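Single chain ahead, by itself, as structure tokens, in the form deposited in one PDB entry.
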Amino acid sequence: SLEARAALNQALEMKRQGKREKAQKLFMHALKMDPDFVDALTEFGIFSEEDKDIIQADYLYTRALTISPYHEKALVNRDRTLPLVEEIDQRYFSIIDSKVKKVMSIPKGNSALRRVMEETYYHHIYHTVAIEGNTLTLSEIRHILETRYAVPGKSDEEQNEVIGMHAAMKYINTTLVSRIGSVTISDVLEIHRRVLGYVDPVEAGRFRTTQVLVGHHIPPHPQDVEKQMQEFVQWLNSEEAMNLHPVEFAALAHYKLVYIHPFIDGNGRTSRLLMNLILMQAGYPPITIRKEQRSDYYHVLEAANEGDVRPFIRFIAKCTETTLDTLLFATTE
């Protein structure tokens, strides 16, 4: 309905100007012209909740969610499944928590743990670059970082991606992990400047100024990148984010940064480092997303884009358990 659309737009204009009596008449008129107008129902629900009429607000929200008979079935079924899913999810976080406490309890000065921590360091670097076509083997990566001699018959681009990761991981471990205070845009840029610096030092440490496309994702317009990065870091240091389970917080921080995708390149590597910083600050070890999990990683990211991030959190939770099981397995004494 063209009149329903018009009635809602004026209803919202009257709401901003503080004419609530006129806004209500127009909300009612929008629903008279189109009873199944989702926008007007949801928006009139928000208006009703502001006036502290909870029953009416709930009626309008529920009406908007259940237009057709198949929506009604979806709601009654979802209301049944949600509690069971909440239980399954909560269980999996408590299972991770127990394994974290077992890893943390082990003395920092342990012969076994030190070897594992040293070996898994190169595993993360390997998987973080190999997941997007870096053909360097694990022994080659160690050679590059331990000796600082280049390997033969492998591109300087591939090897400078490894050097950049090592530089970024050192910076975090020494400077940021134990640093008490808020994480700022500058800190993210400092990580990115090291991650991409050795490959593209021109673009390393500054936002993109062009439109791009990441897989099946449409990231923000370059002119809106900076505002969304300000809103992002505001959330990072919010009380809401502090309450979240570290794995949930680390997963959300990861997804939000690759959604904004504020750099021309190195967005994945940067967002995975920020994920591990948050976990390390919370007392968890650094986790790895293996190159074998690329399709799963992309699938849960595409699901997150279309408005369900829970699969991505669950995916990061799986990657966390796998990392902990690897540390706990090395009790070979």
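Counting begins at 1, following the sequence as shown.
For the pair 226-234 and 67-75, the record assigns the higher mean C-alpha temperature factor to 226-234.
Note on 16-24 vs 310-318: mean CA B-factor is higher in 16-24. Remark: of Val247, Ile191, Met117, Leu84, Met117 shows the highest value [criterion: C-alpha B-factor in the PDB entry]. For the set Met104, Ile218, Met165, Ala253, the PDB entry assigns the largest Cα B-factor to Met104. When the modelled residues of the chain are ordered by C-alpha B-factor, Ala204 sits in the middle third. Among the modelled residues of the chain, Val258 sits in the lowest third by CA temperature factor in this PDB entry. For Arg179, the recorded CA temperature factor ranks within the highest third of the chain's modelled residues. Sort the modelled residues of the chain by CA B factor and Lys108 lands in the highest third. Split the chain's modelled residues into thirds by C-alpha temperature factor. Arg148 is in the highest one.
This protein has a second form, the form deposited in another entry, left out of what is shown; the following refers to that one.
For the motion between this form and the one not shown, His143 lies in the other rigid part from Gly45. If you compare C-alpha positions, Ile46 and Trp235 are 3 angstroms or more farther apart in the other form than in the form on display. The pair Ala74 and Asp53 is tighter in the other form: their Cα-Cα distance falls by no less than 3 Å compared with this form.
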